[PDB]
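Source file: model32.pdb. Holds: PDB, C-alpha atoms and all ligand atoms.
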MODEL        1
ATOM      1  CA  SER A   1      39.327 -31.084 -65.820
ATOM      2  CA  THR A   2      37.301 -31.692 -62.654
ATOM      3  CA  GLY A   3      37.070 -34.308 -59.908
ATOM      4  CA  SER A   4      34.357 -35.237 -57.456
ATOM      5  CA  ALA A   5      34.777 -37.653 -54.523
ATOM      6  CA  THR A   6      32.528 -38.649 -51.646
ATOM      7  CA  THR A   7      33.906 -38.130 -48.104
ATOM      8  CA  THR A   8      32.558 -40.398 -45.318
ATOM      9  CA  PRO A   9      32.756 -39.891 -41.545
ATOM     10  CA  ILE A  10      35.058 -42.506 -39.898
ATOM     11  CA  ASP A  11      32.692 -43.000 -36.904
ATOM     12  CA  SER A  12      29.347 -42.026 -35.403
ATOM     13  CA  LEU A  13      30.728 -38.713 -34.027
ATOM     14  CA  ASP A  14      32.125 -37.363 -37.376
ATOM     15  CA  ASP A  15      35.617 -37.202 -35.767
ATOM     16  CA  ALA A  16      37.130 -37.071 -39.253
ATOM     17  CA  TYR A  17      36.233 -37.908 -42.833
ATOM     18  CA  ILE A  18      37.925 -40.261 -45.297
ATOM     19  CA  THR A  19      37.978 -39.928 -49.080
ATOM     20  CA  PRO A  20      39.182 -42.709 -51.426
ATOM     21  CA  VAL A  21      42.301 -41.800 -53.461
ATOM     22  CA  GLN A  22      43.880 -43.864 -56.249
ATOM     23  CA  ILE A  23      47.693 -44.052 -56.165
ATOM     24  CA  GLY A  24      49.943 -45.742 -58.697
ATOM     25  CA  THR A  25      49.505 -48.140 -61.625
ATOM     26  CA  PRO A  26      47.580 -50.376 -61.280
ATOM     27  CA  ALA A  27      45.623 -48.216 -58.833
ATOM     28  CA  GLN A  28      46.040 -48.750 -55.112
ATOM     29  CA  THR A  29      43.037 -47.148 -53.369
ATOM     30  CA  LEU A  30      43.740 -45.646 -49.934
ATOM     31  CA  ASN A  31      41.255 -43.764 -47.774
ATOM     32  CA  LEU A  32      42.833 -40.416 -46.893
ATOM     33  CA  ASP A  33      41.873 -37.605 -44.546
ATOM     34  CA  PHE A  34      41.690 -34.434 -46.640
ATOM     35  CA  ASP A  35      43.209 -31.743 -44.462
ATOM     36  CA  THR A  36      43.009 -28.011 -45.449
ATOM     37  CA  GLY A  37      45.292 -27.288 -42.420
ATOM     38  CA  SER A  38      48.410 -29.027 -43.772
ATOM     39  CA  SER A  39      50.327 -29.524 -47.008
ATOM     40  CA  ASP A  40      51.764 -33.076 -47.073
ATOM     41  CA  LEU A  41      50.191 -36.063 -48.883
ATOM     42  CA  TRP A  42      51.480 -38.967 -46.826
ATOM     43  CA  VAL A  43      50.463 -42.583 -46.630
ATOM     44  CA  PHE A  44      50.915 -45.704 -44.657
ATOM     45  CA  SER A  45      53.183 -47.839 -46.783
ATOM     46  CA  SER A  46      55.225 -51.010 -47.211
ATOM     47  CA  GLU A  47      58.009 -49.007 -45.481
ATOM     48  CA  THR A  48      55.974 -48.214 -42.321
ATOM     49  CA  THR A  49      57.413 -49.809 -39.138
ATOM     50  CA  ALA A  50      55.276 -52.990 -38.890
ATOM     51  CA  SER A  51      54.421 -52.432 -35.150
ATOM     52  CA  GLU A  52      52.925 -48.981 -36.154
ATOM     53  CA  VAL A  53      50.454 -50.477 -38.696
ATOM     54  CA  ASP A  54      47.128 -51.832 -37.269
ATOM     55  CA  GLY A  55      44.568 -52.396 -40.046
ATOM     56  CA  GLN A  56      45.437 -49.522 -42.420
ATOM     57  CA  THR A  57      45.631 -50.159 -46.166
ATOM     58  CA  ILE A  58      49.224 -49.517 -47.264
ATOM     59  CA  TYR A  59      50.764 -48.093 -50.424
ATOM     60  CA  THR A  60      53.422 -50.411 -51.874
ATOM     61  CA  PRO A  61      55.515 -48.422 -54.387
ATOM     62  CA  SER A  62      57.314 -51.571 -55.625
ATOM     63  CA  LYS A  63      53.899 -52.734 -57.056
ATOM     64  CA  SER A  64      53.354 -49.477 -58.997
ATOM     65  CA  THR A  65      54.855 -49.228 -62.502
ATOM     66  CA  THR A  66      54.690 -45.402 -62.281
ATOM     67  CA  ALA A  67      56.308 -45.043 -58.794
ATOM     68  CA  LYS A  68      59.801 -43.432 -58.650
ATOM     69  CA  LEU A  69      61.896 -42.763 -55.509
ATOM     70  CA  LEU A  70      62.451 -39.013 -55.124
ATOM     71  CA  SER A  71      66.134 -39.512 -54.339
ATOM     72  CA  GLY A  72      67.347 -37.973 -51.087
ATOM     73  CA  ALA A  73      63.983 -36.476 -50.138
ATOM     74  CA  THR A  74      62.691 -36.889 -46.584
ATOM     75  CA  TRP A  75      59.749 -35.503 -44.701
ATOM     76  CA  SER A  76      58.651 -35.145 -41.079
ATOM     77  CA  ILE A  77      55.461 -33.543 -39.739
ATOM     78  CA  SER A  78      53.933 -32.744 -36.324
ATOM     79  CA  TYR A  79      50.213 -31.749 -36.018
ATOM     80  CA  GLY A  80      48.212 -29.482 -33.665
ATOM     81  CA  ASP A  81      47.138 -32.566 -31.573
ATOM     82  CA  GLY A  82      50.664 -33.965 -30.798
ATOM     83  CA  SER A  83      50.651 -36.611 -33.595
ATOM     84  CA  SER A  84      53.468 -37.053 -36.125
ATOM     85  CA  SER A  85      54.828 -39.131 -38.981
ATOM     86  CA  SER A  86      57.970 -39.169 -41.119
ATOM     87  CA  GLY A  87      59.534 -40.962 -43.993
ATOM     88  CA  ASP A  88      60.789 -40.805 -47.539
ATOM     89  CA  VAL A  89      59.179 -39.718 -50.812
ATOM     90  CA  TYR A  90      58.017 -41.253 -54.106
ATOM     91  CA  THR A  91      56.457 -39.587 -57.092
ATOM     92  CA  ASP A  92      53.481 -41.428 -58.576
ATOM     93  CA  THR A  93      50.170 -40.857 -60.309
ATOM     94  CA  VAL A  94      47.391 -39.798 -57.891
ATOM     95  CA  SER A  95      43.698 -39.557 -58.782
ATOM     96  CA  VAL A  96      40.848 -38.113 -56.725
ATOM     97  CA  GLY A  97      37.314 -38.464 -57.954
ATOM     98  CA  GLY A  98      38.435 -38.851 -61.608
ATOM     99  CA  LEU A  99      40.998 -35.986 -61.505
ATOM    100  CA  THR A 100      44.564 -37.295 -62.140
ATOM    101  CA  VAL A 101      47.932 -35.693 -61.282
ATOM    102  CA  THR A 102      51.117 -37.278 -62.623
ATOM    103  CA  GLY A 103      54.357 -36.789 -60.687
ATOM    104  CA  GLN A 104      52.634 -36.142 -57.355
ATOM    105  CA  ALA A 105      54.901 -36.350 -54.306
ATOM    106  CA  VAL A 106      53.573 -39.267 -52.206
ATOM    107  CA  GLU A 107      55.252 -39.161 -48.812
ATOM    108  CA  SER A 108      55.724 -42.719 -47.574
ATOM    109  CA  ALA A 109      55.654 -43.069 -43.794
ATOM    110  CA  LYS A 110      58.471 -44.947 -42.107
ATOM    111  CA  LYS A 111      57.201 -43.823 -38.677
ATOM    112  CA  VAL A 112      53.803 -42.664 -37.376
ATOM    113  CA  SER A 113      52.726 -41.616 -33.855
ATOM    114  CA  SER A 114      50.295 -43.703 -31.787
ATOM    115  CA  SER A 115      47.149 -41.685 -32.705
ATOM    116  CA  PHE A 116      47.644 -42.658 -36.411
ATOM    117  CA  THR A 117      48.305 -46.344 -35.634
ATOM    118  CA  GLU A 118      45.092 -46.413 -33.527
ATOM    119  CA  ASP A 119      42.933 -44.956 -36.387
ATOM    120  CA  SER A 120      42.600 -48.139 -38.587
ATOM    121  CA  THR A 121      40.200 -46.251 -40.922
ATOM    122  CA  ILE A 122      42.692 -43.487 -41.976
ATOM    123  CA  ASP A 123      45.410 -44.650 -44.420
ATOM    124  CA  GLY A 124      47.049 -41.211 -44.622
ATOM    125  CA  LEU A 125      46.551 -37.496 -45.144
ATOM    126  CA  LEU A 126      46.043 -35.345 -48.241
ATOM    127  CA  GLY A 127      47.097 -31.814 -47.382
ATOM    128  CA  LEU A 128      45.179 -28.916 -49.008
ATOM    129  CA  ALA A 129      46.815 -25.910 -47.270
ATOM    130  CA  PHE A 130      49.387 -23.826 -49.179
ATOM    131  CA  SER A 131      52.471 -25.626 -50.505
ATOM    132  CA  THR A 132      54.708 -23.258 -48.419
ATOM    133  CA  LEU A 133      53.914 -25.607 -45.448
ATOM    134  CA  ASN A 134      55.069 -28.791 -47.212
ATOM    135  CA  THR A 135      57.732 -30.541 -45.121
ATOM    136  CA  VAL A 136      59.718 -32.325 -47.863
ATOM    137  CA  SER A 137      63.469 -31.580 -47.678
ATOM    138  CA  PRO A 138      65.647 -30.586 -49.378
ATOM    139  CA  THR A 139      63.194 -29.822 -52.187
ATOM    140  CA  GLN A 140      59.760 -28.690 -50.964
ATOM    141  CA  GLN A 141      56.912 -30.354 -52.904
ATOM    142  CA  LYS A 142      53.505 -29.154 -54.159
ATOM    143  CA  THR A 143      50.126 -30.204 -52.850
ATOM    144  CA  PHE A 144      47.758 -32.250 -55.035
ATOM    145  CA  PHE A 145      45.634 -29.086 -55.527
ATOM    146  CA  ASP A 146      48.630 -26.961 -56.507
ATOM    147  CA  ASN A 147      49.717 -29.631 -59.038
ATOM    148  CA  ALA A 148      46.150 -29.980 -60.434
ATOM    149  CA  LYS A 149      45.290 -26.234 -60.458
ATOM    150  CA  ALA A 150      46.436 -25.348 -64.001
ATOM    151  CA  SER A 151      44.392 -28.293 -65.488
ATOM    152  CA  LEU A 152      41.204 -27.492 -63.564
ATOM    153  CA  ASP A 153      38.229 -25.766 -65.194
ATOM    154  CA  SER A 154      38.363 -23.228 -62.274
ATOM    155  CA  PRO A 155      41.163 -23.042 -59.632
ATOM    156  CA  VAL A 156      38.937 -24.094 -56.756
ATOM    157  CA  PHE A 157      37.983 -26.977 -54.537
ATOM    158  CA  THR A 158      34.904 -27.243 -52.375
ATOM    159  CA  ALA A 159      34.192 -29.011 -49.089
ATOM    160  CA  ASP A 160      30.652 -30.143 -48.427
ATOM    161  CA  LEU A 161      30.950 -32.193 -45.197
ATOM    162  CA  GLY A 162      27.963 -34.099 -43.904
ATOM    163  CA  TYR A 163      26.508 -34.216 -40.396
ATOM    164  CA  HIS A 164      26.498 -37.926 -39.514
ATOM    165  CA  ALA A 165      26.434 -38.549 -43.289
ATOM    166  CA  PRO A 166      28.703 -38.587 -46.318
ATOM    167  CA  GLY A 167      29.571 -35.409 -48.188
ATOM    168  CA  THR A 168      31.623 -34.364 -51.135
ATOM    169  CA  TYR A 169      34.946 -32.805 -52.103
ATOM    170  CA  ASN A 170      34.857 -31.281 -55.630
ATOM    171  CA  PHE A 171      37.858 -29.997 -57.600
ATOM    172  CA  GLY A 172      37.622 -27.474 -60.377
ATOM    173  CA  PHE A 173      33.951 -26.503 -60.252
ATOM    174  CA  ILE A 174      31.233 -25.158 -57.914
ATOM    175  CA  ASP A 175      28.109 -27.390 -57.751
ATOM    176  CA  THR A 176      25.339 -24.734 -57.711
ATOM    177  CA  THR A 177      22.844 -27.516 -56.602
ATOM    178  CA  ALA A 178      24.822 -28.229 -53.378
ATOM    179  CA  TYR A 179      23.938 -25.028 -51.452
ATOM    180  CA  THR A 180      21.048 -22.598 -50.824
ATOM    181  CA  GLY A 181      21.131 -18.826 -51.354
ATOM    182  CA  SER A 182      24.432 -17.211 -52.458
ATOM    183  CA  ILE A 183      28.119 -17.831 -51.633
ATOM    184  CA  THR A 184      29.721 -15.036 -49.590
ATOM    185  CA  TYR A 185      33.432 -14.731 -50.276
ATOM    186  CA  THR A 186      35.925 -13.370 -47.758
ATOM    187  CA  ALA A 187      39.622 -12.480 -47.901
ATOM    188  CA  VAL A 188      42.349 -14.976 -47.120
ATOM    189  CA  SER A 189      45.801 -14.349 -45.667
ATOM    190  CA  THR A 190      48.362 -16.951 -46.821
ATOM    191  CA  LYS A 191      51.128 -15.466 -44.563
ATOM    192  CA  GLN A 192      51.085 -18.544 -42.229
ATOM    193  CA  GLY A 193      50.378 -21.057 -45.110
ATOM    194  CA  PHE A 194      46.774 -21.626 -43.983
ATOM    195  CA  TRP A 195      43.317 -20.686 -45.292
ATOM    196  CA  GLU A 196      43.237 -17.851 -42.729
ATOM    197  CA  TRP A 197      40.222 -15.551 -42.729
ATOM    198  CA  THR A 198      38.353 -13.174 -40.380
ATOM    199  CA  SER A 199      34.827 -13.930 -39.196
ATOM    200  CA  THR A 200      32.677 -10.876 -38.516
ATOM    201  CA  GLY A 201      31.134 -12.145 -35.263
ATOM    202  CA  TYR A 202      28.873 -14.639 -33.591
ATOM    203  CA  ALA A 203      25.575 -15.298 -31.917
ATOM    204  CA  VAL A 204      24.547 -17.939 -29.382
ATOM    205  CA  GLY A 205      21.156 -19.539 -29.981
ATOM    206  CA  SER A 206      18.454 -16.907 -30.635
ATOM    207  CA  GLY A 207      20.670 -14.187 -29.053
ATOM    208  CA  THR A 208      21.768 -10.932 -30.639
ATOM    209  CA  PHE A 209      24.676 -11.083 -33.064
ATOM    210  CA  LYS A 210      27.938  -9.699 -31.621
ATOM    211  CA  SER A 211      29.991  -7.861 -34.299
ATOM    212  CA  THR A 212      33.653  -8.693 -33.562
ATOM    213  CA  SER A 213      36.580  -9.754 -35.802
ATOM    214  CA  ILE A 214      37.709 -13.365 -35.166
ATOM    215  CA  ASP A 215      40.777 -14.397 -37.202
ATOM    216  CA  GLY A 216      41.022 -18.146 -37.745
ATOM    217  CA  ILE A 217      41.636 -20.916 -40.235
ATOM    218  CA  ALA A 218      39.245 -23.115 -42.190
ATOM    219  CA  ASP A 219      40.642 -26.617 -41.255
ATOM    220  CA  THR A 220      38.927 -29.739 -42.578
ATOM    221  CA  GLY A 221      41.346 -31.971 -40.634
ATOM    222  CA  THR A 222      40.406 -30.506 -37.256
ATOM    223  CA  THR A 223      37.242 -31.960 -35.671
ATOM    224  CA  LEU A 224      36.045 -29.169 -33.373
ATOM    225  CA  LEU A 225      35.509 -25.392 -33.437
ATOM    226  CA  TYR A 226      38.183 -23.567 -31.397
ATOM    227  CA  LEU A 227      37.380 -19.944 -30.610
ATOM    228  CA  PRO A 228      38.505 -17.297 -28.101
ATOM    229  CA  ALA A 229      37.749 -18.014 -24.479
ATOM    230  CA  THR A 230      35.289 -15.055 -24.250
ATOM    231  CA  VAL A 231      33.173 -16.464 -27.098
ATOM    232  CA  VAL A 232      33.306 -20.045 -25.802
ATOM    233  CA  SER A 233      32.331 -19.021 -22.237
ATOM    234  CA  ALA A 234      29.380 -17.015 -23.672
ATOM    235  CA  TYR A 235      28.197 -20.155 -25.526
ATOM    236  CA  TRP A 236      28.516 -22.640 -22.639
ATOM    237  CA  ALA A 237      26.933 -20.159 -20.154
ATOM    238  CA  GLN A 238      23.645 -20.886 -22.014
ATOM    239  CA  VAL A 239      23.800 -24.635 -21.199
ATOM    240  CA  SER A 240      22.748 -25.584 -17.622
ATOM    241  CA  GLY A 241      25.481 -27.604 -15.937
ATOM    242  CA  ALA A 242      28.173 -26.959 -18.571
ATOM    243  CA  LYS A 243      31.648 -26.382 -17.254
ATOM    244  CA  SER A 244      35.292 -26.398 -18.288
ATOM    245  CA  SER A 245      36.996 -29.512 -16.907
ATOM    246  CA  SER A 246      40.844 -29.505 -16.595
ATOM    247  CA  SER A 247      40.605 -33.344 -16.012
ATOM    248  CA  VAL A 248      38.742 -33.953 -19.345
ATOM    249  CA  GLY A 249      40.546 -31.160 -21.269
ATOM    250  CA  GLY A 250      37.674 -28.811 -22.145
ATOM    251  CA  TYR A 251      34.061 -27.893 -21.795
ATOM    252  CA  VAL A 252      31.656 -30.722 -20.925
ATOM    253  CA  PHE A 253      27.913 -30.603 -20.503
ATOM    254  CA  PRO A 254      25.159 -32.881 -19.199
ATOM    255  CA  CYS A 255      24.091 -35.341 -21.885
ATOM    256  CA  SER A 256      20.452 -34.527 -20.881
ATOM    257  CA  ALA A 257      20.931 -30.963 -22.292
ATOM    258  CA  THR A 258      19.542 -29.556 -25.531
ATOM    259  CA  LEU A 259      22.336 -27.375 -26.967
ATOM    260  CA  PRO A 260      21.766 -23.960 -28.546
ATOM    261  CA  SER A 261      22.895 -23.235 -32.075
ATOM    262  CA  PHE A 262      25.984 -21.149 -32.764
ATOM    263  CA  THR A 263      26.088 -18.580 -35.581
ATOM    264  CA  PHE A 264      29.265 -17.223 -37.127
ATOM    265  CA  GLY A 265      29.530 -14.277 -39.519
ATOM    266  CA  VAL A 266      31.041 -14.330 -42.999
ATOM    267  CA  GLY A 267      30.935 -10.708 -44.076
ATOM    268  CA  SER A 268      27.257  -9.693 -43.785
ATOM    269  CA  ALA A 269      26.185 -13.376 -44.112
ATOM    270  CA  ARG A 270      25.576 -15.848 -41.264
ATOM    271  CA  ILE A 271      26.257 -19.563 -40.986
ATOM    272  CA  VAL A 272      24.203 -21.370 -38.307
ATOM    273  CA  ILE A 273      25.664 -24.453 -36.628
ATOM    274  CA  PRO A 274      22.728 -26.402 -35.192
ATOM    275  CA  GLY A 275      23.073 -27.376 -31.561
ATOM    276  CA  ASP A 276      23.146 -31.109 -32.354
ATOM    277  CA  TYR A 277      26.403 -30.548 -34.314
ATOM    278  CA  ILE A 278      28.079 -29.374 -31.075
ATOM    279  CA  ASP A 279      27.333 -32.661 -29.146
ATOM    280  CA  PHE A 280      30.423 -34.960 -29.170
ATOM    281  CA  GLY A 281      28.781 -37.562 -26.910
ATOM    282  CA  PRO A 282      29.878 -39.139 -23.620
ATOM    283  CA  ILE A 283      33.414 -38.364 -22.421
ATOM    284  CA  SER A 284      33.820 -42.130 -21.733
ATOM    285  CA  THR A 285      31.517 -44.954 -22.576
ATOM    286  CA  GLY A 286      28.337 -44.811 -20.454
ATOM    287  CA  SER A 287      29.109 -41.382 -18.917
ATOM    288  CA  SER A 288      26.379 -38.800 -18.543
ATOM    289  CA  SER A 289      28.968 -36.045 -19.144
ATOM    290  CA  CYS A 290      29.271 -35.123 -22.847
ATOM    291  CA  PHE A 291      32.107 -33.412 -24.633
ATOM    292  CA  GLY A 292      31.456 -30.078 -26.304
ATOM    293  CA  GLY A 293      32.135 -29.297 -29.974
ATOM    294  CA  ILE A 294      33.049 -25.674 -29.236
ATOM    295  CA  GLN A 295      36.238 -25.333 -27.231
ATOM    296  CA  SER A 296      38.703 -22.534 -26.320
ATOM    297  CA  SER A 297      41.622 -21.775 -28.603
ATOM    298  CA  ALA A 298      43.583 -20.232 -25.700
ATOM    299  CA  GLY A 299      47.063 -21.869 -25.774
ATOM    300  CA  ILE A 300      46.707 -23.158 -29.388
ATOM    301  CA  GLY A 301      47.685 -19.667 -30.666
ATOM    302  CA  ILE A 302      45.060 -19.622 -33.454
ATOM    303  CA  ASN A 303      41.291 -19.925 -33.818
ATOM    304  CA  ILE A 304      40.229 -22.993 -35.847
ATOM    305  CA  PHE A 305      37.034 -23.297 -37.871
ATOM    306  CA  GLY A 306      37.130 -27.115 -37.794
ATOM    307  CA  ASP A 307      34.539 -29.613 -38.985
ATOM    308  CA  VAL A 308      31.852 -28.583 -36.388
ATOM    309  CA  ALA A 309      31.760 -25.293 -38.299
ATOM    310  CA  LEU A 310      32.578 -26.202 -41.884
ATOM    311  CA  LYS A 311      30.038 -29.088 -41.983
ATOM    312  CA  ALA A 312      27.297 -26.414 -41.466
ATOM    313  CA  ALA A 313      28.323 -24.776 -44.778
ATOM    314  CA  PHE A 314      29.229 -25.328 -48.398
ATOM    315  CA  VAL A 315      32.833 -24.064 -48.437
ATOM    316  CA  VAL A 316      34.745 -22.801 -51.465
ATOM    317  CA  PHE A 317      38.565 -22.812 -51.283
ATOM    318  CA  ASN A 318      39.356 -20.378 -54.160
ATOM    319  CA  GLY A 319      43.032 -20.837 -55.172
ATOM    320  CA  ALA A 320      43.068 -17.981 -57.734
ATOM    321  CA  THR A 321      46.161 -15.682 -57.751
ATOM    322  CA  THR A 322      44.497 -13.822 -54.800
ATOM    323  CA  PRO A 323      42.987 -16.697 -52.714
ATOM    324  CA  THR A 324      39.563 -16.297 -51.117
ATOM    325  CA  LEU A 325      37.150 -18.450 -49.076
ATOM    326  CA  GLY A 326      33.448 -18.731 -49.870
ATOM    327  CA  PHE A 327      30.675 -19.858 -47.512
ATOM    328  CA  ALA A 328      27.063 -20.739 -48.315
ATOM    329  CA  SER A 329      24.297 -22.232 -46.249
ATOM    330  CA  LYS A 330      22.991 -25.642 -47.369
TER     331      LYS A 330
HETATM  332  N1  LIG A 401      44.901 -30.408 -39.302
HETATM  333  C1  LIG A 401      45.419 -31.494 -38.695
HETATM  334  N2  LIG A 401      45.931 -32.465 -39.485
HETATM  335  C2  LIG A 401      46.561 -33.498 -38.912
HETATM  336  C3  LIG A 401      46.698 -33.647 -37.551
HETATM  337  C4  LIG A 401      46.153 -32.684 -36.722
HETATM  338  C5  LIG A 401      45.496 -31.590 -37.276
HETATM  339  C6  LIG A 401      44.916 -30.505 -36.407
HETATM  340  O1  LIG A 401      45.449 -30.564 -35.085
ENDMDL
END

Would you write out, as structure tokens, the structure that this file holds?
Ligand SMILES: Nc1ncccc1CO
Amino acid sequence: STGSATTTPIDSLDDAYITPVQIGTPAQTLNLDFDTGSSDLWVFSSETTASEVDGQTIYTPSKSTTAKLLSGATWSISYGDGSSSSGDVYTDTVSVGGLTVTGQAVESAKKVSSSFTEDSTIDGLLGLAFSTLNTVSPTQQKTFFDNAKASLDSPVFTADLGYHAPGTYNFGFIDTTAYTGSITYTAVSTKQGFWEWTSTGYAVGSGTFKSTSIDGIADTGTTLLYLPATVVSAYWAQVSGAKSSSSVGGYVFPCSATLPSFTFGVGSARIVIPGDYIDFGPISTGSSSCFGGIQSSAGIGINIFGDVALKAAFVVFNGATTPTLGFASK
């Protein structure tokens, strides 16, 4: 089997991407944020505290003939950005792009933090990291990908995120029309439950490539590219008037600037992030200070290859016995 679904940016800055997912019988379609940095499939639901729902589509298990309470099971998650949600668990049929899993754990939110309530366009999360990070207790549950894997033509999914445009998530096959050149594969460590890999270095604009190992994770649910402070300072030093602002919470730059590209290494291959991808617009409406798409990872404890980076590439998440990541230009 295979599945193919279009992913659409929620706003004009590509802060996140939503992908329609069918849950239950008859289908309830919710728009979920596919997140390769976490391992819970959770939804706004009929059980969500009413004051914490503001425009989201909700899953109502009582209206699904295939929904079953997973008795006793609870979940609670906290994310890199301070947001959280918690609740109880149903099993139900879940379909993405034509690919169906029966008996998928659907985590129903009773509580969500303010950042979720405020995002009316995101009806929940579909986690695509390793199932070792799943928060269901007392019985940990599998991700949608882990449940689908055995049925798939190939044990893979691909992320093809658009710049200010829709893209695609594919399950079970590699669309050889979706990328240019070849795919370079690189080793993954699953020791922390993430798609953790080692970049081979970077370049700023037309500058020389610096060979240096940068461990990090490929995280579709993280907007920006977080890299060591040395690398980030080297990038922003090429933009006149850029500075790190403690008041704003990162590097900002004049919105009159033309930003240089950023290149990262994947083995002997190179992925180029155009400068425009690094512009996250005014810090506040009407400001002439713009927020940068490349930020320091110092304090976060890990480097994150978020959407600023992955949207520049066709990315293969290879879930074979020995997982690997693949990157191609597009
Ligand atoms: N990957 C993620 N998923 C959900 C919330 C936050 C992040 C990253 O901080």

Open item on the list: What does the list of residues within 10 Å of ligand LIG 401 (chain A) look like if you count all atoms listed in the file, written as number ranges by chain?
Closed with: A: 16, 33-40, 77-85, 115-116, 124-129, 218-224, 300, 304, 306

- [ ] Translate the PyMOL selection byres (((chain A and resi 257-268) around 6) and not hetatm), as applied to the file shown, into an explicit residue set as a PyMOL selection string.
- [x] chain A and resi 199-205+254-256+269-275

Open item on the list: Calculated over all atoms listed in the file, which of the candidates A:140, A:296, A:192, A:288 has the smallest distance to residue 235 (chain A)?
Closed with: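 Among A:140, A:296, A:192, A:288, it is A:296 that comes nearest to residue 235 (chain A).
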
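Note that CA of residue 31 (chain A) and CA of residue 319 (chain A) are 24.2 Å apart.
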
Open item on the list: Would you compute the distance between CA of residue 90 (chain A) and CA of residue 157 (chain A)? Give it in Å to one decimal.
Closed with: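 Those two atoms sit 24.6 Å apart.
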
Task: Residue nearest residue 8 (chain A) among A:109, A:290, A:69, A:165 (counting only C-alpha atoms) - done: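 Using only C-alpha atoms, the shortest distance to residue 8 (chain A) belongs to A:165.
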
Got a sec to resolve the PyMOL selection byres (((chain A and resi 24-29) around 12) and not hetatm) on this structure and send the residues as a short mmCIF file (atom, residue, chain, number, x, y, z; two decimals) with C-alpha atoms, in the coordinates of the input?
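In the end it all went to selection.cif:
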data_model
loop_
_atom_site.label_atom_id
_atom_site.label_comp_id
_atom_site.auth_asym_id
_atom_site.auth_seq_id
_atom_site.Cartn_x
_atom_site.Cartn_y
_atom_site.Cartn_z
CA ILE A 18 37.92 -40.26 -45.30
CA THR A 19 37.98 -39.93 -49.08
CA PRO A 20 39.18 -42.71 -51.43
CA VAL A 21 42.30 -41.80 -53.46
CA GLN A 22 43.88 -43.86 -56.25
CA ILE A 23 47.69 -44.05 -56.16
CA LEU A 30 43.74 -45.65 -49.93
CA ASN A 31 41.26 -43.76 -47.77
CA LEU A 32 42.83 -40.42 -46.89
CA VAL A 43 50.46 -42.58 -46.63
CA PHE A 44 50.92 -45.70 -44.66
CA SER A 45 53.18 -47.84 -46.78
CA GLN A 56 45.44 -49.52 -42.42
CA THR A 57 45.63 -50.16 -46.17
CA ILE A 58 49.22 -49.52 -47.26
CA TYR A 59 50.76 -48.09 -50.42
CA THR A 60 53.42 -50.41 -51.87
CA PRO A 61 55.52 -48.42 -54.39
CA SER A 62 57.31 -51.57 -55.62
CA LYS A 63 53.90 -52.73 -57.06
CA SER A 64 53.35 -49.48 -59.00
CA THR A 65 54.86 -49.23 -62.50
CA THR A 66 54.69 -45.40 -62.28
CA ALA A 67 56.31 -45.04 -58.79
CA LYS A 68 59.80 -43.43 -58.65
CA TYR A 90 58.02 -41.25 -54.11
CA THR A 91 56.46 -39.59 -57.09
CA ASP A 92 53.48 -41.43 -58.58
CA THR A 93 50.17 -40.86 -60.31
CA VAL A 94 47.39 -39.80 -57.89
CA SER A 95 43.70 -39.56 -58.78
CA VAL A 96 40.85 -38.11 -56.72
CA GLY A 97 37.31 -38.46 -57.95
CA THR A 100 44.56 -37.30 -62.14
CA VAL A 101 47.93 -35.69 -61.28
CA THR A 102 51.12 -37.28 -62.62
CA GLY A 103 54.36 -36.79 -60.69
CA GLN A 104 52.63 -36.14 -57.36
CA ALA A 105 54.90 -36.35 -54.31
CA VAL A 106 53.57 -39.27 -52.21
CA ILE A 122 42.69 -43.49 -41.98
CA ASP A 123 45.41 -44.65 -44.42
CA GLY A 124 47.05 -41.21 -44.62
#

Open item on the list: Just checking: using all atoms listed in the file, which residue out of A:120, A:136, A:41, A:113 ends up closest to residue 70 (chain A)?
Closed with: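 Closest to residue 70 (chain A), using all atoms listed in the file: A:136.
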
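What separates CA of residue 313 (chain A) from CA of residue 13 (chain A) is a distance of 17.8 Å.
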
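For the structure in this document, the set picked by the PyMOL selection byres (((chain A and resi 230) around 12) and not hetatm) is residues 202, 210, 212, 214, 226, 227, 228, 229, 231, 232, 233, 234, 235, 236, 237, 294, 295, 296, 297 and 298 of chain A.
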
Expected file contents, prior selection, C-alpha atoms, as a PDB file, in the coordinates of the input:
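Dumped everything to result-v6.pdb:
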ATOM      1  CA  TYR A 202      28.873 -14.639 -33.591  1.00  0.00           C
ATOM      2  CA  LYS A 210      27.938  -9.699 -31.621  1.00  0.00           C
ATOM      3  CA  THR A 212      33.653  -8.693 -33.562  1.00  0.00           C
ATOM      4  CA  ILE A 214      37.709 -13.365 -35.166  1.00  0.00           C
ATOM      5  CA  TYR A 226      38.183 -23.567 -31.397  1.00  0.00           C
ATOM      6  CA  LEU A 227      37.380 -19.944 -30.610  1.00  0.00           C
ATOM      7  CA  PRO A 228      38.505 -17.297 -28.101  1.00  0.00           C
ATOM      8  CA  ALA A 229      37.749 -18.014 -24.479  1.00  0.00           C
ATOM      9  CA  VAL A 231      33.173 -16.464 -27.098  1.00  0.00           C
ATOM     10  CA  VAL A 232      33.306 -20.045 -25.802  1.00  0.00           C
ATOM     11  CA  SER A 233      32.331 -19.021 -22.237  1.00  0.00           C
ATOM     12  CA  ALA A 234      29.380 -17.015 -23.672  1.00  0.00           C
ATOM     13  CA  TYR A 235      28.197 -20.155 -25.526  1.00  0.00           C
ATOM     14  CA  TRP A 236      28.516 -22.640 -22.639  1.00  0.00           C
ATOM     15  CA  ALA A 237      26.933 -20.159 -20.154  1.00  0.00           C
ATOM     16  CA  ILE A 294      33.049 -25.674 -29.236  1.00  0.00           C
ATOM     17  CA  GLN A 295      36.238 -25.333 -27.231  1.00  0.00           C
ATOM     18  CA  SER A 296      38.703 -22.534 -26.320  1.00  0.00           C
ATOM     19  CA  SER A 297      41.622 -21.775 -28.603  1.00  0.00           C
ATOM     20  CA  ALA A 298      43.583 -20.232 -25.700  1.00  0.00           C
TER      21      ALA A 298
END
